[PDB]
Undergrad: 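Sharing a structure, written as structure tokens. Questions coming.
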Amino acid sequence: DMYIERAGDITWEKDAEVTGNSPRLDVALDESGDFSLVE
Amino acid sequence: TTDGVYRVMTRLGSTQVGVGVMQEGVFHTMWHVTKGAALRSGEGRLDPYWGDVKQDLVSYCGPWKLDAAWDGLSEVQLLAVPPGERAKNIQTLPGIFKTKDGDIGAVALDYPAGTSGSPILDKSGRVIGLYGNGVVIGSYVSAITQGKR
């Protein structure tokens with residue numbers, strides 16, 4: 001059986017660590033909800 | 001019932017299978033997390049209301065309520081709730097999924113599978129989508145998956 005526990009407010013944090021790139025990708029979305037790359 | 005971000009847990013012992021957003025009396029998560037199974041909240045039960053495998057989304061108690069969208073220029077924050085860890089905000093500039101049906105924001109952040117369903121936020125604090133359906137390029141990239149209101 002599945003259950004939920006509260007973990008916090010939905011809020012923006014000004015002191016947030018900043019990371020990660022911003023790649024631009026060609027993709028396709030199939031009927032099962034799976035993304036795949038396209039070339 | 002209370003607004004906020006929530007762990008989705010399952011039961012020998014408990015495991016965190018995902019994350020979701022409670023807003024306006026509706027619980028929002030990704031289909032692959034719950035497969036639409038009913039959810040326990042305290043002594044109450046949350047019953048599914050809408051779901052779609054292609055969008056990989058599901059809502060409980062009512063229709064999908066989140067409708068803010070990435071503005072295409074600004075940094076966002078993943079409100080990651082990893083298993084065993086305090087909710088934490090990770091700021092990033094999204095990349096882009098270019099598809100035949102239009103462009104989708106995407107975040108190049110890689111957190112444990114039980115983080116699936118964590119909300120992505122804009123600067124105003126609005127949920128612009130959920131984390132955890134994506135592609136690999138060894139690096140995982142998640143779509144910013146938003147439903148329709």
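Values below: all heavy atoms of this structure, side chains included; hydrogens, waters and symmetry mates excluded. Convention: sequence-line order gives letters A, B, ...; per-chain numbering from 1.
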Undergrad: Non-hydrogen atoms of chain B under 4.5 Å away: do they reach the side chain of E31(A), the backbone, both or neither?
TA: backbone
Undergrad: Output the option from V8(B), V136(B), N133(B), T34(B) having the highest count of non-hydrogen pairs under 4.5 Å with chain A.
TA: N133(B)
Undergrad: I need the residue from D56(B), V76(B), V19(B), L78(B) with the largest number of non-hydrogen atom pairs under 4.5 Å to chain A.
TA: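 The candidate making the most pairs under 4.5 Å is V76(B).
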Undergrad: Indicate yes or no: at least one non-hydrogen side-chain atom of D52(B) is less than 4.5 angstrom from one of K148(B).
TA: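 The answer is no, as the side chains (C-beta and beyond) never meet within the 4.5 Å cut-off.
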Undergrad: Most heavy-atom pairs under 4.5 angstrom with chain A, which of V127(B), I137(B), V81(B), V107(B)?
TA: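 If we count pairs closer than 4.5 Å to chain A, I137(B) comes out on top.
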Undergrad: With a 4.5 angstrom heavy-atom cut-off, is it the side chain or the backbone of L79(B) that approaches chain A, or both, or neither?
TA: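 For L79(B), side-chain heavy atoms alone lie under 4.5 Å from chain A.
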Undergrad: I want to check something: taking the side chain as every heavy atom from C-beta on, are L39(B) and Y60(B) in contact at a cut-off of under 4.5 Å?
TA: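 Yes, their side chains come closer than 4.5 Å.
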Undergrad: For chain B, which of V18(A), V38(A), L25(A), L29(A) has the most heavy-atom pairs under 4.5 Å?
TA: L25(A)
Undergrad: Going by distance alone, is a donor N or O of one side chain under 3.5 Å from an acceptor N or O of the other, for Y3(A) and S14(B)?
TA: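 A donor-acceptor contact under 3.5 Å links the two side chains.
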Undergrad: If you take all heavy atoms of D122(B) and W12(A), which pair is closest and at what distance?
TA: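 So the minimum-distance heavy-atom pair works out to O-CE3, 3.2 Å.
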Undergrad: Quick check on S36(A) against chain B: is it the side chain, the backbone, both or neither that has a heavy atom closer than 4.5 Å?
TA: backbone
Undergrad: With no hydrogens and no angle check, do the side chains of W31(B) and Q55(B) hold a donor and an acceptor under 3.5 Å apart?
TA: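 Short answer, no.
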Undergrad: Quick one: does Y111(B)'s side chain have a donor or acceptor within less than 3.5 Å of a partner on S116(B)'s backbone?
TA: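 No, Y111(B) side chain to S116(B) backbone: no donor-acceptor pair under 3.5 Å.
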Undergrad: Could you check which of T19(A), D34(A), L37(A) has the highest count of heavy-atom pairs closer than 4.5 Å to chain B?
TA: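 Of the options given, most contacts go to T19(A).
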Undergrad: In terms of heavy-atom pairs under 4.5 Å, which option from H32(B), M9(B), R7(B), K54(B) contacts chain A the most?
TA: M9(B)
Undergrad: Please state whether the side chain, the backbone, both or neither of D9(A) comes within less than 4.5 Å of a heavy atom of chain B.
TA: backbone
Undergrad: Side chains of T115(B) and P83(B), heavy atoms from C-beta outward: is any pair under 4.5 Å?
TA: yes
Undergrad: Chain B heavy atoms under 4.5 Å from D15(A): which part of the residue, side chain, backbone, both or neither?
TA: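 Looking at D15(A), nothing touches chain B.
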